[PDB]
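Participant: I'm passing along protein.cif; it holds mmCIF, C-alpha atoms and all ligand atoms.
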```cif
data_entry
#
loop_
_atom_site.label_atom_id
_atom_site.label_comp_id
_atom_site.auth_asym_id
_atom_site.auth_seq_id
_atom_site.Cartn_x
_atom_site.Cartn_y
_atom_site.Cartn_z
CA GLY H 136 -7.59 13.33 -16.78
CA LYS H 137 -6.06 13.57 -13.25
CA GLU H 138 -3.63 10.74 -12.31
CA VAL H 139 -2.00 9.75 -8.97
CA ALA H 140 0.69 7.16 -8.19
CA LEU H 141 0.44 5.27 -4.88
CA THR H 142 3.87 3.95 -3.82
CA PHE H 143 5.01 1.45 -1.10
CA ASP H 144 8.64 1.43 0.20
CA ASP H 145 10.63 -1.16 2.22
CA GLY H 146 8.92 -4.44 1.18
CA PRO H 147 8.13 -7.14 0.48
CA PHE H 148 6.94 -8.32 4.00
CA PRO H 149 5.28 -11.73 4.75
CA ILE H 150 1.46 -11.29 5.45
CA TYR H 151 1.31 -7.44 4.65
CA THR H 152 2.51 -7.57 0.97
CA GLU H 153 -0.35 -10.02 0.19
CA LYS H 154 -2.77 -7.83 2.23
CA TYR H 155 -1.81 -4.54 0.40
CA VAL H 156 -2.05 -6.30 -3.04
CA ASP H 157 -5.50 -7.96 -2.39
CA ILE H 158 -6.94 -4.50 -1.48
CA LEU H 159 -5.50 -2.87 -4.65
CA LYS H 160 -6.69 -5.78 -6.94
CA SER H 161 -10.19 -5.74 -5.33
CA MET H 162 -10.62 -1.95 -5.98
CA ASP H 163 -9.31 -2.16 -9.66
CA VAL H 164 -6.27 0.05 -8.67
CA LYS H 165 -2.48 -0.36 -9.28
CA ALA H 166 0.59 0.86 -7.34
CA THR H 167 4.39 0.89 -7.36
CA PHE H 168 6.37 -1.15 -4.81
CA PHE H 169 9.94 0.09 -4.13
CA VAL H 170 11.41 -3.12 -2.74
CA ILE H 171 14.55 -3.63 -0.52
CA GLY H 172 16.85 -6.29 -2.12
CA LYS H 173 17.51 -8.24 1.14
CA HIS H 174 13.72 -8.52 1.65
CA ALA H 175 13.07 -9.38 -2.02
CA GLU H 176 15.57 -12.28 -2.18
CA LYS H 177 14.01 -13.88 0.97
CA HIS H 178 10.47 -13.61 -0.57
CA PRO H 179 10.62 -14.03 -4.38
CA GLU H 180 6.99 -15.40 -4.53
CA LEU H 181 5.76 -12.06 -2.96
CA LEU H 182 7.41 -10.13 -5.92
CA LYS H 183 5.62 -12.53 -8.39
CA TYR H 184 2.45 -11.67 -6.39
CA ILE H 185 2.97 -7.82 -6.73
CA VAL H 186 3.46 -8.12 -10.53
CA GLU H 187 0.84 -10.80 -11.53
CA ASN H 188 -1.69 -8.33 -10.00
CA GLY H 189 -0.54 -5.56 -12.50
CA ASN H 190 1.64 -3.50 -10.03
CA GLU H 191 5.11 -2.01 -10.86
CA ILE H 192 8.23 -2.98 -8.91
CA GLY H 193 11.04 -0.44 -8.38
CA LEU H 194 14.37 -0.73 -6.52
CA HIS H 195 14.89 0.69 -2.98
CA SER H 196 18.54 -0.61 -2.88
CA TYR H 197 19.86 -3.98 -1.61
CA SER H 198 20.86 -3.00 2.00
CA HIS H 199 18.64 0.12 2.58
CA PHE H 200 21.62 2.26 3.77
CA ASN H 201 22.06 5.97 2.94
CA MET H 202 23.79 5.87 -0.50
CA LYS H 203 24.89 9.56 -0.50
CA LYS H 204 28.53 8.72 0.41
CA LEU H 205 29.02 5.28 -1.31
CA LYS H 206 31.89 4.79 -3.81
CA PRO H 207 30.49 4.31 -7.38
CA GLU H 208 31.24 0.50 -7.49
CA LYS H 209 29.28 0.13 -4.21
CA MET H 210 26.32 2.05 -5.82
CA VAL H 211 26.60 -0.43 -8.75
CA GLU H 212 26.56 -3.46 -6.36
CA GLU H 213 23.52 -2.22 -4.40
CA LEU H 214 21.52 -1.48 -7.62
CA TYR H 215 22.64 -4.39 -9.85
CA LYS H 216 22.07 -7.09 -7.15
CA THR H 217 18.49 -5.77 -6.56
CA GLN H 218 17.75 -5.59 -10.34
CA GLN H 219 18.93 -9.22 -10.67
CA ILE H 220 16.89 -10.46 -7.66
CA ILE H 221 13.78 -8.79 -9.15
CA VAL H 222 14.19 -10.02 -12.78
CA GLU H 223 15.00 -13.64 -11.60
CA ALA H 224 11.81 -13.61 -9.43
CA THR H 225 9.32 -11.95 -11.95
CA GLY H 226 10.89 -11.90 -15.47
CA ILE H 227 10.08 -8.06 -15.52
CA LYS H 228 13.09 -5.66 -15.43
CA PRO H 229 12.44 -2.65 -13.19
CA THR H 230 13.06 0.89 -14.56
CA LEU H 231 12.76 2.99 -11.33
CA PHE H 232 14.86 3.45 -8.19
CA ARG H 233 13.96 5.38 -5.01
CA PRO H 234 17.08 5.94 -2.89
CA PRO H 235 16.87 5.26 0.85
CA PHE H 236 15.84 8.52 2.65
CA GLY H 237 15.66 10.09 -0.85
CA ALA H 238 19.40 10.91 -0.42
CA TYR H 239 21.23 11.13 -3.80
CA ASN H 240 23.95 12.95 -5.65
CA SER H 241 24.86 13.46 -9.35
CA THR H 242 27.06 10.35 -9.22
CA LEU H 243 24.10 8.21 -8.07
CA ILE H 244 21.95 9.69 -10.93
CA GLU H 245 24.72 8.87 -13.49
CA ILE H 246 25.20 5.26 -12.14
CA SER H 247 21.38 4.69 -11.95
CA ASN H 248 20.91 5.89 -15.60
CA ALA H 249 23.74 3.64 -16.82
CA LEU H 250 21.83 0.65 -15.34
CA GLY H 251 18.62 1.77 -17.20
CA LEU H 252 17.08 3.21 -13.94
CA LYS H 253 15.35 6.59 -13.32
CA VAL H 254 15.59 7.94 -9.78
CA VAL H 255 12.29 8.95 -8.22
CA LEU H 256 11.48 10.58 -4.93
CA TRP H 257 7.85 11.55 -4.06
CA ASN H 258 5.88 14.80 -3.56
CA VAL H 259 3.19 13.71 -0.98
CA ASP H 260 4.48 12.44 2.44
CA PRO H 261 1.70 11.50 4.94
CA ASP H 262 4.54 10.54 7.44
CA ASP H 263 3.08 6.94 7.64
CA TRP H 264 6.51 5.45 8.82
CA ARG H 265 6.05 6.91 12.37
CA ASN H 266 2.67 5.01 12.77
CA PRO H 267 -0.08 7.71 13.03
CA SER H 268 -3.93 7.68 13.33
CA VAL H 269 -5.49 5.96 10.27
CA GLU H 270 -7.77 9.08 9.96
CA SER H 271 -4.65 11.39 10.07
CA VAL H 272 -2.90 9.48 7.18
CA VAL H 273 -6.10 9.84 5.04
CA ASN H 274 -6.36 13.66 5.72
CA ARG H 275 -2.69 14.43 4.75
CA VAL H 276 -3.04 12.29 1.56
CA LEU H 277 -6.41 13.89 0.57
CA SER H 278 -5.45 17.51 1.45
CA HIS H 279 -2.05 17.29 -0.42
CA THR H 280 -2.87 15.14 -3.52
CA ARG H 281 -2.92 17.07 -6.89
CA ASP H 282 -2.63 15.81 -10.51
CA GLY H 283 0.81 14.12 -10.80
CA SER H 284 1.13 13.29 -7.07
CA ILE H 285 3.53 10.44 -6.11
CA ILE H 286 2.44 9.40 -2.59
CA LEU H 287 5.17 7.95 -0.33
CA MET H 288 3.80 5.13 1.87
CA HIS H 289 5.48 2.09 3.48
CA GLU H 290 4.79 -1.67 3.25
CA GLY H 291 4.41 -3.67 6.54
CA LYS H 292 2.27 -1.00 8.36
CA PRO H 293 -1.23 -1.99 9.68
CA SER H 294 -2.17 1.76 10.08
CA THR H 295 -1.36 2.04 6.29
CA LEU H 296 -3.32 -1.19 5.40
CA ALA H 297 -6.24 0.51 7.26
CA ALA H 298 -6.01 3.88 5.39
CA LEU H 299 -5.85 2.37 1.87
CA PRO H 300 -9.59 1.88 1.07
CA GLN H 301 -10.70 5.37 2.30
CA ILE H 302 -7.77 7.03 0.34
CA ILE H 303 -8.64 5.06 -2.83
CA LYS H 304 -12.39 5.71 -2.42
CA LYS H 305 -12.17 9.53 -1.85
CA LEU H 306 -9.59 10.03 -4.69
CA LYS H 307 -11.77 7.95 -7.06
CA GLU H 308 -14.66 10.31 -6.02
CA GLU H 309 -12.46 13.41 -6.66
CA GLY H 310 -11.90 12.06 -10.27
CA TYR H 311 -8.31 10.60 -9.97
CA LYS H 312 -7.17 7.57 -12.02
CA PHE H 313 -4.55 5.35 -10.24
CA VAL H 314 -1.36 4.74 -12.30
CA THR H 315 2.09 3.16 -11.86
CA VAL H 316 4.96 5.65 -11.47
CA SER H 317 6.18 4.75 -14.98
CA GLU H 318 2.78 5.38 -16.55
CA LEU H 319 2.49 8.73 -14.56
CA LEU H 320 5.91 10.00 -15.95
CA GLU H 321 5.68 8.21 -19.44
CA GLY N 136 31.08 15.12 6.66
CA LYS N 137 27.24 15.30 6.92
CA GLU N 138 25.56 17.99 4.73
CA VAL N 139 21.97 19.34 4.61
CA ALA N 140 20.29 21.74 2.17
CA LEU N 141 17.68 24.16 3.56
CA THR N 142 15.29 25.28 0.78
CA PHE N 143 12.61 28.06 0.58
CA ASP N 144 9.80 27.94 -2.05
CA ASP N 145 7.36 30.61 -3.32
CA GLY N 146 9.38 33.84 -2.81
CA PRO N 147 10.63 36.45 -2.85
CA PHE N 148 8.19 38.29 -0.43
CA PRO N 149 8.62 41.93 0.82
CA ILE N 150 9.72 41.98 4.57
CA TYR N 151 10.12 38.09 4.96
CA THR N 152 12.82 37.51 2.25
CA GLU N 153 15.07 40.07 4.04
CA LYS N 154 14.18 38.48 7.43
CA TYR N 155 15.02 34.86 6.30
CA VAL N 156 18.33 36.06 4.70
CA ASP N 157 19.52 38.13 7.77
CA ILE N 158 19.04 35.02 9.99
CA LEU N 159 21.01 32.77 7.58
CA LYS N 160 23.86 35.38 7.16
CA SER N 161 24.05 35.94 10.97
CA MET N 162 24.45 32.16 11.66
CA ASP N 163 27.11 31.65 8.84
CA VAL N 164 24.62 29.33 6.96
CA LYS N 165 23.46 29.27 3.27
CA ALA N 166 20.21 28.07 1.62
CA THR N 167 18.47 27.67 -1.74
CA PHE N 168 15.51 29.89 -2.67
CA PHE N 169 13.15 28.44 -5.32
CA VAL N 170 11.56 31.67 -6.52
CA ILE N 171 8.20 32.21 -8.40
CA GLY N 172 8.81 34.34 -11.56
CA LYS N 173 5.83 36.71 -11.00
CA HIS N 174 7.15 37.44 -7.48
CA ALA N 175 10.77 37.76 -8.67
CA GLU N 176 10.05 40.34 -11.42
CA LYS N 177 8.14 42.57 -8.90
CA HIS N 178 11.11 42.41 -6.42
CA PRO N 179 14.44 42.19 -8.30
CA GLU N 180 16.38 43.87 -5.39
CA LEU N 181 15.23 40.97 -3.08
CA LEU N 182 16.90 38.43 -5.53
CA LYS N 183 20.13 40.56 -5.43
CA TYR N 184 19.75 40.35 -1.61
CA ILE N 185 19.43 36.47 -1.61
CA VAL N 186 22.59 36.10 -3.76
CA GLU N 187 24.94 38.83 -2.32
CA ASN N 188 24.51 36.90 0.98
CA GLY N 189 25.91 33.66 -0.70
CA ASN N 190 22.53 31.83 -1.20
CA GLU N 191 21.52 29.89 -4.39
CA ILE N 192 18.45 30.84 -6.43
CA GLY N 193 16.44 28.16 -8.26
CA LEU N 194 13.29 28.42 -10.42
CA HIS N 195 9.79 27.54 -9.09
CA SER N 196 8.15 28.48 -12.47
CA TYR N 197 6.75 31.86 -13.62
CA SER N 198 3.01 31.38 -12.73
CA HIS N 199 3.22 28.63 -10.02
CA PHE N 200 0.59 26.42 -11.78
CA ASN N 201 0.75 22.60 -11.93
CA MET N 202 2.99 21.97 -15.00
CA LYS N 203 2.12 18.25 -15.38
CA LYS N 204 -0.27 18.86 -18.33
CA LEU N 205 1.35 21.91 -20.07
CA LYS N 206 2.29 21.71 -23.79
CA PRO N 207 6.13 21.75 -24.22
CA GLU N 208 6.25 25.40 -25.54
CA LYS N 209 4.30 26.48 -22.42
CA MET N 210 6.90 24.63 -20.21
CA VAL N 211 9.60 26.56 -22.15
CA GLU N 212 7.80 29.93 -21.55
CA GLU N 213 7.35 29.32 -17.80
CA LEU N 214 11.05 28.27 -17.34
CA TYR N 215 12.77 30.66 -19.78
CA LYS N 216 10.92 33.81 -18.52
CA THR N 217 11.92 32.95 -14.88
CA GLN N 218 15.58 32.24 -15.88
CA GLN N 219 15.68 35.65 -17.65
CA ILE N 220 14.09 37.54 -14.72
CA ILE N 221 16.68 35.97 -12.37
CA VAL N 222 19.81 36.55 -14.53
CA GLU N 223 18.75 40.22 -15.30
CA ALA N 224 18.31 40.85 -11.52
CA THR N 225 21.51 39.06 -10.18
CA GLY N 226 23.89 38.29 -13.11
CA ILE N 227 23.93 34.59 -11.80
CA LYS N 228 22.22 31.95 -14.04
CA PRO N 229 20.25 29.42 -11.99
CA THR N 230 20.83 25.67 -12.57
CA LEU N 231 17.91 24.14 -10.54
CA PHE N 232 14.13 23.99 -10.92
CA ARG N 233 11.55 22.70 -8.41
CA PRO N 234 8.19 22.18 -10.14
CA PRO N 235 5.05 23.48 -8.40
CA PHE N 236 3.62 20.66 -6.17
CA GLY N 237 6.63 18.57 -7.31
CA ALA N 238 4.45 17.48 -10.28
CA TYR N 239 6.56 16.54 -13.36
CA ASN N 240 6.77 14.18 -16.29
CA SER N 241 9.56 12.99 -18.65
CA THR N 242 8.74 15.85 -21.03
CA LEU N 243 9.29 18.43 -18.26
CA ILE N 244 12.67 16.73 -17.39
CA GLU N 245 13.73 16.86 -21.10
CA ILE N 246 12.67 20.56 -21.50
CA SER N 247 14.32 21.54 -18.14
CA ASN N 248 17.64 19.82 -19.15
CA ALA N 249 17.63 21.55 -22.55
CA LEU N 250 17.50 24.91 -20.69
CA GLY N 251 20.51 23.83 -18.50
CA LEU N 252 18.21 23.09 -15.47
CA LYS N 253 18.12 20.04 -13.12
CA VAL N 254 14.75 19.25 -11.55
CA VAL N 255 14.80 18.84 -7.79
CA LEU N 256 12.12 17.84 -5.35
CA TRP N 257 12.92 17.39 -1.61
CA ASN N 258 13.07 14.47 0.87
CA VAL N 259 12.14 16.22 4.21
CA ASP N 260 8.65 17.89 4.39
CA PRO N 261 7.83 19.49 7.79
CA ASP N 262 4.40 20.55 6.24
CA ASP N 263 5.25 24.27 7.04
CA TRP N 264 2.78 25.59 4.30
CA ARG N 265 -0.29 24.76 6.51
CA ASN N 266 1.11 27.03 9.36
CA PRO N 267 1.88 24.69 12.34
CA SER N 268 3.39 25.14 15.87
CA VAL N 269 6.98 26.50 15.60
CA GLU N 270 8.00 23.60 17.98
CA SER N 271 6.24 21.04 15.65
CA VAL N 272 8.17 22.29 12.52
CA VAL N 273 11.49 21.90 14.45
CA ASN N 274 10.64 18.29 15.59
CA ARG N 275 9.73 17.02 12.06
CA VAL N 276 12.91 18.64 10.61
CA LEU N 277 15.18 17.24 13.39
CA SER N 278 13.61 13.73 13.52
CA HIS N 279 13.71 13.31 9.66
CA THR N 280 17.03 15.01 8.66
CA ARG N 281 19.84 12.58 7.52
CA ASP N 282 23.02 13.20 5.46
CA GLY N 283 21.86 14.48 2.03
CA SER N 284 18.50 15.86 3.26
CA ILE N 285 16.83 18.57 1.12
CA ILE N 286 14.33 20.27 3.47
CA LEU N 287 11.22 21.80 1.83
CA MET N 288 10.19 25.05 3.56
CA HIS N 289 8.30 28.12 2.30
CA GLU N 290 9.19 31.85 2.20
CA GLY N 291 6.66 34.38 3.67
CA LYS N 292 5.77 32.26 6.79
CA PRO N 293 6.32 33.79 10.31
CA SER N 294 6.03 30.26 11.92
CA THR N 295 8.97 29.30 9.57
CA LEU N 296 10.98 32.52 10.39
CA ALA N 297 10.51 31.44 14.06
CA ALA N 298 11.73 27.80 13.57
CA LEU N 299 14.91 28.71 11.62
CA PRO N 300 17.39 29.43 14.49
CA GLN N 301 16.47 26.31 16.57
CA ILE N 302 16.68 24.07 13.39
CA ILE N 303 20.08 25.59 12.44
CA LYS N 304 21.38 25.38 16.03
CA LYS N 305 20.40 21.70 16.71
CA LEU N 306 21.67 20.50 13.25
CA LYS N 307 24.97 22.37 13.78
CA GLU N 308 25.15 20.51 17.18
CA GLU N 309 24.39 17.14 15.45
CA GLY N 310 27.45 17.83 13.14
CA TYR N 311 25.68 18.96 9.88
CA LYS N 312 27.26 21.50 7.47
CA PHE N 313 24.69 23.71 5.60
CA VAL N 314 25.10 23.66 1.77
CA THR N 315 23.28 24.95 -1.34
CA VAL N 316 21.37 22.27 -3.29
CA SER N 317 23.99 22.48 -6.07
CA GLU N 318 26.88 21.94 -3.66
CA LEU N 319 24.93 19.01 -1.99
CA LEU N 320 24.45 17.20 -5.42
CA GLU N 321 27.82 18.42 -7.04
NI NI H 401 12.89 3.01 2.92
NI NI H 402 5.28 26.40 -4.34
#
```
How would this structure read if it were set down as structure tokens?
Facilitator:
Amino acid sequence: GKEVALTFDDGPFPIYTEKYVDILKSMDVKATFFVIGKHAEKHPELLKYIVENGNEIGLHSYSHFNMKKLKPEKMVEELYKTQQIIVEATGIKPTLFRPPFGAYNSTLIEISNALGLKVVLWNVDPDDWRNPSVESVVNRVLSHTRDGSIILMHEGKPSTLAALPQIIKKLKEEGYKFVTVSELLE
Amino acid sequence: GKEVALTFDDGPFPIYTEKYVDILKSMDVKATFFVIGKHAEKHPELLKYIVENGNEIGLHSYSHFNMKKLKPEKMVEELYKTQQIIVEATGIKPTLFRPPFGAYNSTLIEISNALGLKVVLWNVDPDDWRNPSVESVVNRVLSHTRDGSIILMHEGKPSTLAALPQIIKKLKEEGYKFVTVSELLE
């Protein structure tokens, strides 16, 4: 066994969420979507869409601001609002949280855990936010992926929608099974 | 206040550890060295050197193998040996552990915590392992660094020794204070 977790930050987006999900469903492959609360409450049917197709939803905060310096009650507001938006939309209560920019402190770990959330970063960054060549995304992913890789990618990127089927195809050929972040960590 | 943690994996190395430390001491700036146990036990005087100059030492495991699939007792061996090498060399007991490739599971969190260690990844990756242009390292670091950034870099790289003083200089100009990973997280 060799497992890899594909992850998508910053969604959901109209058009692109549905695109990303169709691709993953068509290739028998699941992923984790770390969703911004302001985006999620505008588009509750897109969260239903992510989850009915077997994907995991995580939190990416409500506002998508650096949380490093927030007071604790403001950490609670950002995380609890997003949990509530997600559970109202899907009936599934998320267990993971990726902080904006991956910026955290001990306090944000302690608050997250008290809300039943694990904080997760990533360990493969193909820098897909600053839109690169769809061949360049693929190479970084395929040269850096090992057993237990958590690949940071972004929703709403056409250069990411383009890279997905090559990435999936090569890593299936290299003997990787695709898992949610929760099933990777257990 | 805006704080940033510079980190160095895979050391210590003869020549380059001393180089990296002299630079940081000369510019009044501290960093965290995530040290491989096999390297550390060969070079105990280089760990003394990292710490006498105010830097933090973390664990990077004993063998530097993917730990995702180890039995728990083998996780204990890799982490406890490295803790012991470090405390025998420096008298300071490390509190942080970065897993090889950032690959982890719940079991490795639970074992780490029972040995008084926090697991830490990173959230800025200038891909300095696959030796790039010393101007290209700088740009990735400076375009991606925010408050609470943990910058993954590697010991024993001349293209990294070259980038250090520009990186430090620009981020001091942008108003960043340089902290150990422990003082960033508190
Ligand atoms: Ni984001
Ligand atoms: Ni390493």
Participant: For a quick test of understanding: name the residues of chain N lying within 8 Å of chain H when counting all atoms listed in the file, and present them as a list in words.
Facilitator: residues 201, 203, 236, 237, 238, 239, 240, 241, 256, 257, 258, 260, 281, 282, 283, 284, 319, 320 and 321 of chain N
Participant: Neighbours of ligand NI 402 (chain H) at 8 Å or closer, counting all atoms listed in the file: which residues, as a ChimeraX atom specification?
Facilitator: /N:144-145,171,195,199,234-236,289
Participant: Check the smallest atom-to-atom distance from each of H:214, H:164, H:170, H:252 to ligand NI 401 (chain H) using only C-alpha atoms and all ligand atoms, then report the winner.
Facilitator: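 Answer, going by the shortest atom-to-atom distance: H:170.
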Participant: Quick one: residues within 12 Å of residue 308 of chain N, only C-alpha atoms, excluding same-chain residues fewer than 5 positions away - as a PyMOL selection string?
Facilitator: chain N and resi 137+277+301-303
Participant: Taking (7.8, 30.2, 15.9) in the file's own coordinates, collect the residues within 10 Å, counting all atoms listed in the file, and hand them back as number ranges by chain.
Facilitator: N: 266-273, 292-301
Participant: With distances taken over all atoms listed in the file, which residue among H:162, H:194, H:156, H:231 lies nearest ligand NI 401 (chain H)?
Facilitator: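 Closest residue, counting all atoms listed in the file: H:194.
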Participant: Please provide as a PyMOL selection string all residues within 7 Å of residue 173 of chain H, with the sequence filter that same-chain residues fewer than 3 positions apart are discarded (counting all atoms listed in the file).
Facilitator: chain H and resi 176-177+197-198
Participant: If we count only C-alpha atoms, what is near residue 149 of chain H at a cut-off of 10 Å, once residues fewer than 3 positions away on the same chain are taken out, given as a ChimeraX atom specification?
Facilitator: /H:146,152-154,174,177-178,181,291
Participant: Measuring atom to atom with only C-alpha atoms and all ligand atoms, identify which of H:315, H:229, H:306, H:172 is nearest to ligand NI 401 (chain H).
Facilitator: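 Of H:315, H:229, H:306, H:172, the one nearest ligand NI 401 (chain H), counting only C-alpha atoms and all ligand atoms, is H:172.
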Participant: Just to confirm, what's the straight-line distance from atom CA of residue 248 of chain H to atom CA of residue 230 of chain N in Å (one decimal)?
Facilitator: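 Rounded to one decimal, the two atoms are 20.0 Å apart.
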Participant: Select, from N:205, N:175, N:141, N:185, the residue with the minimum atom-to-atom distance to residue 218 of chain N, counting all atoms listed in the file.
Facilitator: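 The closest residue to residue 218 of chain N is N:175.
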